[PDB]
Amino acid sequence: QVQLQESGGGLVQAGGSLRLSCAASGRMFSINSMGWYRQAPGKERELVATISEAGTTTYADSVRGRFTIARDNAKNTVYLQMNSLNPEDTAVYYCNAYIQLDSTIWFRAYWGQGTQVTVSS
């Protein structure tokens, strides 16, 4: 089965930094873009950063400059470095990947269990 395992996250003071990682495992045929999403209680899930198989990146306007997304294509692992954090960055972060199960089937979006990020003030 397809599995996404996240590491990192936690508590940090305002202005500090945190790093997130998420590894993709399981039987699959192809993997496209991987990325990070976040959702605070009472709000909807929003995009944080995306990285393609080639390395083309997309960032949310609220995190441009502060966040940095990286990817190890050989290990199917996506990395997120968050700098200059504010208390409004407090949410549950989810890694995401579009994976092709077989040559005959189209892609599907898969999600990780979610990592809590708490920024104090």
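Sequential numbering from 1, following the sequence displayed.
- The question of which stretch, 101 to 109 or 12 to 20, has the higher mean Cα B factor is settled in favour of 12 to 20.
- Mean C-alpha B-factor is higher over 52 to 60 than over the other stretch, the pair under comparison being 23 to 31 and 52 to 60.
- When the modelled residues of the chain are ordered by their C-alpha B factor, residue 74 lands in the highest third.
- Per-chain ranking of the deposited C-alpha B factor places residue 68 in the highest third.
- Ranked by C-alpha B-factor against the other modelled residues of its chain, residue 3 falls in the middle third.
- The PDB entry assigns residue 95 a C-alpha temperature factor belonging to the lowest third of its chain's modelled residues.
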